[PDB]
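Asker:
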Amino acid sequence: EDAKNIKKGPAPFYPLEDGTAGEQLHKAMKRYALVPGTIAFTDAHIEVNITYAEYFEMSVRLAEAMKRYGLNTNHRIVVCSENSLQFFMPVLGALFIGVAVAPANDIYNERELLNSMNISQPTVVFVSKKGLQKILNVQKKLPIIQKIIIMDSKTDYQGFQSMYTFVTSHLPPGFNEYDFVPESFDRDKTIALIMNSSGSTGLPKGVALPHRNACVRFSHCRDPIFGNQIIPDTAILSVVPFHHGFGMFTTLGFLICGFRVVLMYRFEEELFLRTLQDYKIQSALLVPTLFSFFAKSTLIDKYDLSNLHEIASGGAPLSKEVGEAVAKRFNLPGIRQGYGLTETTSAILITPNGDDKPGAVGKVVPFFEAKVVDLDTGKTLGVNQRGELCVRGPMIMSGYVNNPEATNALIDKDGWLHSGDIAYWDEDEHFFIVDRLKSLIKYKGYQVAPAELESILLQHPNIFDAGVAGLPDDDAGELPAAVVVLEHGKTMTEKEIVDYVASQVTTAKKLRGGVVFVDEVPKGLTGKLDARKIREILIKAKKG
Ligand SMILES: Nc1ncnc2c1ncn2[C@@H]1O[C@H](COS(=O)(=O)NC(=O)c2csc(-c3nc4ccc(O)cc4s3)n2)[C@@H](O)[C@H]1O
Ligand SMILES: C[C@H](O)CC[C@H](C)O
Ligand SMILES: C[C@H](O)CC[C@H](C)O
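So in the authors' numbering, spot 202 of the sequence shown is number 203, and the numbers just go up one at a time.
#1: In the structure shown, what three-state DSSP assignment does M196 receive?
#2: Taking just the CA atoms, how far does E48 sit from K68?
#3: Can you check the region 305-354 for any alpha helix (DSSP H) of at least 4 residues that lies completely inside it and give the ranges in chain order?
#4: Could you check how far apart the C-beta atoms of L438 and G421 are, in whole angstroms? I think they sit under 8 Å.
#5: Run through DSSP, which three-state label would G254 get?
#6: How many angstroms separate the CA atom of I195 from the CA atom of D302?
#7: Can you give me the C-alpha to C-alpha distance between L480 and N138, rounded to a whole angstrom?
#8: Is there contact between the region 416-432 and the region 355-364, where contact requires at least three CB pairs shorter than 8 Å?
#9: Check each residue's C-beta against every heavy atom of ligand 3 and list, in chain order, those closer than 6 Å.
#10: Who are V126's beta bridge partners in DSSP?
#11: What number of angstroms, rounded off, separates the C-alpha of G71 from the C-alpha of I412?
#12: Give every residue of the same chain whose Cβ lies closer than 8 Å to the Cβ of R387, excluding the five residues on either side of it in the sequence, and list them in chain order.
#13: Thinking just about the alpha-carbon of each residue, which of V506, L319 and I232 is nearest to the one in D466?
#14: Would you say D19 touches ligand 4, meaning its beta carbon is less than 7 Å from a heavy atom?
#15: Shortest alpha-carbon distance to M59 belongs to which of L382, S163 and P523?
#16: Looking at the strands, I want to know which residues DSSP matches up with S284.
#17: Count the other C-beta atoms from every protein chain shown that fall within 10 angstroms of the C-beta of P233, then say buried if there are 16 or more, exposed otherwise.
#18: At 3 residues or longer, what runs of the beta strand (DSSP E) sit wholly inside the region 371-439?
#19: Determine the extent of the alpha helix (DSSP H) in which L459 is found, giving its start and end residues.
#20: When you compare only the Cα positions, how much space is there between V100 and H245?
#21: Can you tell me the Cβ-Cβ gap for residue 576 and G471, rounded? I've got them flagged as a contact below 8 Å.
#22: For the region 383-400 and the region 309-327, state whether three or more C-beta atom pairs, one from each stretch, are separated by less than 8 Å.
#23: Have a look at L539 and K511 and give me their C-alpha separation to the nearest angstrom.
#24: Determine the burial state of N110: buried for a count of at least 16 other Cβ atoms within 10 Å of its Cβ, exposed for fewer.
#25: How close, in whole Å, do the beta carbons of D153 and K130 come, if the pair is a contact with beta carbons under 8 Å?
#26: Give me the Cα-Cα distance between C81 and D415, rounded to the nearest whole angstrom.
#27: Using the beta-carbon count (16 or more within 10 Å), is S504 buried or exposed?
#28: Which stretch, first to last residue, makes up the alpha helix (DSSP H) that contains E58?
#29: Per DSSP, what are the beta-bridge partners of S163 in this structure?
#30: So, are the CB atoms of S198 and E24 less than 8 Å apart?
#31: Could you give the distance in angstroms between the alpha-carbon of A29 and the alpha-carbon of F260?
#32: To the nearest angstrom, report how far apart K380 and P462 are at their CA atoms.
#33: Does the Cβ of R112 lie closer than 7 Å to at least one heavy atom of ligand 1?
#34: Closer than 8 Å is the cut-off here; do at least three beta carbon pairs connect the region 167-178 with the region 218-233?
#35: Considering only their Cβ atoms, is the gap separating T124 from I51 smaller than 8 Å?
#36: For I226, which of helix, strand or coil comes out of DSSP?
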């Protein structure tokens, strides 16, 4: 019964607000829409702005239109789109009236899209042009779908209503957005978002997240230590996908704060620096796969970045060395980190403002607790000991949609979620993520972490990107091996790469598995490495 080994989150600076997530969003955005010149979203590519006034008015119109159409808390809508200025209009609209929103990944193949909508069971589908065809090819197998609406069109498009013509079909005469009152409902039992889970074998799952979870996020995002201070005329640059929890709940919190969310979809070094300069960006929110595009640029000094105070990263490991280098080049105290799972709604470990520690992902957020347990007996471990990370609090998902068995396998009766990650916490209660548990390698009954070897590989100059896994061998079970994309203009050989690896490792950690040179390492949208795909590639090196 040792609670000295359970890391607890401090009390929030602000007490948790009442109301549904829709009510808190509506309140904040109405306030900002009544302040002249407030911009909610800016497309940095085409240089188009949308004010909080227009965004509020259109979200309210969508809420009333869906309500008049007949949607209520028994229904769900899908939002299938690349990032854009229109993404959050139907999301906010649905949140205002208690309709659950299921974002479907825009780059899903039709099979994965069918899975997502089979779980969410949407009545109405909001889809960009780029995604329409896939929706159609899937729609035949989901009779629950009664209405398809195009998001990035002003007129009807190819026989489908756009959000504007839909709204016009259902709004009453003389409707005034500022007299609209969002629906009230049980914030613990009404689902706000159904997100799709990642990483795990098999088809993704439906992660049901009630309004309560969004409300706790809205506590965090305006917290002076675990969030961002609400100061007028603040611009954020976001390059994170909106259908994913990392894009969803950061962007929602940014709206709660009245920030200006500046969007890039194609990431290039010079366009990034121009955008930071011209929009006076104070914080850039990134995934680590984008860092290489500017970490060693020579242009940084040619741009005025005096407004830039923060670079935040999330969704996957960020190299300590890359992070320290980038933080020092932009005069930053560090790269701010956030760790979360789709199943925890958002980051439940955040680097607190003013308390950076390089290589860590932060401390436990308010309302949450975290522990590290033994992989074989589940016993809680103590300081600086590695084990599985467990977390519990009011942003844990209510459960997987129609899958109670998976829910109970993930979350125990005390509410602890078993993250699947190896971590530890230090004397000051900072957490470090070591690796994914299902990606450890067994040399001779000793656990080798592929992330450590990757970081070492990544040190090298001739090595642009690396991914490590296990190649199967009847001796040792699996030997550790790599997949290496080299820097342009480099000659490195498998012999001298395994030798450089031997130079900074113990006995079992030696890369006795070889190297398979590649033109790119298989990553995900947030840049998690595809361990199954790396093992797959590690077959040509199994050949003779
Ligand atoms: N920060 C991190 N550092 C190292 N590894 C990280 C990581 N985050 C996720 N991971 C990995 O993603 C897996 C979780 O996978 S997941 O399905 O895709 N869910 C997520 O990745 C997820 C949901 S929310 C969220 C974040 N919200 C934020 C808000 C602010 C901020 O500054 C950073 C973040 S991250 N990330 C983790 O288990 C882990 O392996
Ligand atoms: C306080 C909140 O707005 C109401 C949610 C309860 C559970 O109905
Ligand atoms: C605030 C204004 O919209 C920025 C315009 C320049 C071109 O970025």
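The C-beta atom is built at its ideal place from N, Cα and C for all residues, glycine as well.
Answerer: Checking against the coordinates, here is how it stands:
#1: For the purposes of this step, residue 196 is taken as the residue at position 195 of the sequence shown. It is a strand residue.
#2: By 1-based counting over the sequence shown, the position of residue 68 is 67. By 1-based counting over the sequence shown, the position of residue 48 is 47. Cα atoms of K68 and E48: separation of roughly 33 Å, rounded to the nearest angstrom.
#3: Those alpha helix (DSSP H) runs which fall completely within the region 305-354 and span 4+ residues are 321-330.
#4: Here residue 438 refers to the residue found at position 437 of the sequence shown. Here residue 421 refers to the residue found at position 420 of the sequence shown. Beta-carbon to beta-carbon, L438 and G421 are separated by about 5 Å, close enough to satisfy the 8 Å threshold.
#5: Here residue 254 refers to the residue found at position 253 when the sequence shown is read from its first residue. Helix.
#6: On the sequence shown, position 194 is the one that residue 195 refers to. On the sequence shown, position 301 is the one that residue 302 refers to. Taking the straight line joining both Cα atoms gives about 43 Å.
#7: For the purposes of this step, residue 480 is identified with residue 479 of the sequence shown, where counting begins at 1. For the purposes of this step, residue 138 is identified with residue 137 of the sequence shown, where counting begins at 1. Each residue's alpha carbon lies about 44 Å from the other.
#8: Flag = yes, the region 416-432 and the region 355-364 touch.
#9: Around ligand 3, the residues selected by a Cβ distance under 6 Å to any of its heavy atoms are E48, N50, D279 and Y280, following chain order.
#10: To locate residue 126, count along the sequence shown from 1; it is residue 125. Answer is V79 and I149.
#11: Your numbering for residue 71 matches position 70 in the sequence shown. Your numbering for residue 412 matches position 411 in the sequence shown. Answer to the nearest angstrom: the Cα atoms are 35 Å apart.
#12: As a first step, residue 387 must be located in the sequence shown, where it is residue number 386. In chain order, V373, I423, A424, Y425 and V435 place their CB closer than 8 Å to the CB of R387, counting only its own chain and leaving out the 5 sequence neighbours on each side.
#13: By one-based count along the sequence shown, residue 466 stands at place 465. Ranked by Cα distance from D466, the options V506, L319 and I232 are led by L319.
#14: For the structure depicted, ligand 4 is absent and the ligand set comprises only ligand 1, ligand 2 and ligand 3.
#15: One-based indexing of the sequence shown puts residue 59 at position 58. It is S163 whose Cα lies nearest to the Cα of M59.
#16: Translated into the one-based positions of the sequence shown, residue 284 becomes position 283. Under DSSP, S284 forms a beta bridge with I237 and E311.
#17: Position 232 of the sequence shown, counting from 1, holds the residue named residue 233. That one is exposed.
#18: The region 371-439 contains these whole beta strand (DSSP E) runs: 388-393, 418-426 and 432-437.
#19: Numbered from 1 along the sequence shown, position 458 holds the residue referred to as residue 459. In the DSSP annotation of this structure, the continuous segment of the alpha helix (DSSP H) that includes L459 starts and ends at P451 to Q460.
#20: In the sequence shown, residue 100 corresponds to position 99, counting from 1. In the sequence shown, residue 245 corresponds to position 244, counting from 1. When only Cα atoms are considered, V100 and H245 end up about 19 Å apart.
#21: Lying outside 2 to 545, the shown extent of the chain, residue 576 is not represented and no answer is given.
#22: Per the Cβ contact rule, the region 383-400 is not in contact with the region 309-327 (fewer than 3 Cβ pairs under 8 Å).
#23: Position 538 of the sequence shown, counting from 1, holds the residue named residue 539. Position 510 of the sequence shown, counting from 1, holds the residue named residue 511. Between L539 and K511, the C-alpha separation is close to 16 Å.
#24: Sequence index remark: in the sequence shown, residue 110 carries index 109 (1-based). With a threshold of 16 other beta carbon atoms within 10 Å, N110 falls short and is exposed.
#25: Here residue 153 is taken as the residue at index 152 of the sequence shown, counted from 1. Here residue 130 is taken as the residue at index 129 of the sequence shown, counted from 1. Confirmed, Cβ separation roughly 6 Å.
#26: Here the question's residue 81 lines up with position 80 in the sequence shown. Here the question's residue 415 lines up with position 414 in the sequence shown. Roughly 35 Å between the two C-alpha positions.
#27: Sequence index remark: in the sequence shown, residue 504 carries index 503 (1-based). Under this definition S504 is an exposed residue.
#28: As a working mapping, residue 58 is identified with position 57 in the sequence shown. Run containing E58: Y53 to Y70, per the alpha helix (DSSP H) assignment.
#29: The residue labelled residue 163 in the question sits at position 162 within the sequence shown. Bridge partners of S163: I151.
#30: The sequence position of residue 198 within the sequence shown is 197, counting from 1. The sequence position of residue 24 within the sequence shown is 23, counting from 1. At least 8 Å separates the beta-carbon of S198 from that of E24.
#31: Looking up residue 29 in the sequence shown gives position 28. Looking up residue 260 in the sequence shown gives position 259. In this structure, the straight-line span from the alpha carbon of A29 to that of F260 is close to 11 Å.
#32: Against the sequence shown, residue 380 aligns to sequence position 379. Against the sequence shown, residue 462 aligns to sequence position 461. Whole-angstrom Cα-Cα distance: 42 Å.
#33: Reading the sequence shown from its first residue, position 111 is the one you call residue 112. The beta carbon of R112 sits no closer than 7 Å to any heavy atom of ligand 1.
#34: Touching, no.
#35: What you label residue 51 is simply residue 50 of the sequence shown in a count that begins at 1. What you label residue 124 is simply residue 123 of the sequence shown in a count that begins at 1. No, they are not a contact pair.
#36: Walking along the sequence shown from the start, residue 226 turns up at place 225. When DSSP states are grouped into helix, strand and coil, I226 belongs to the coil group.
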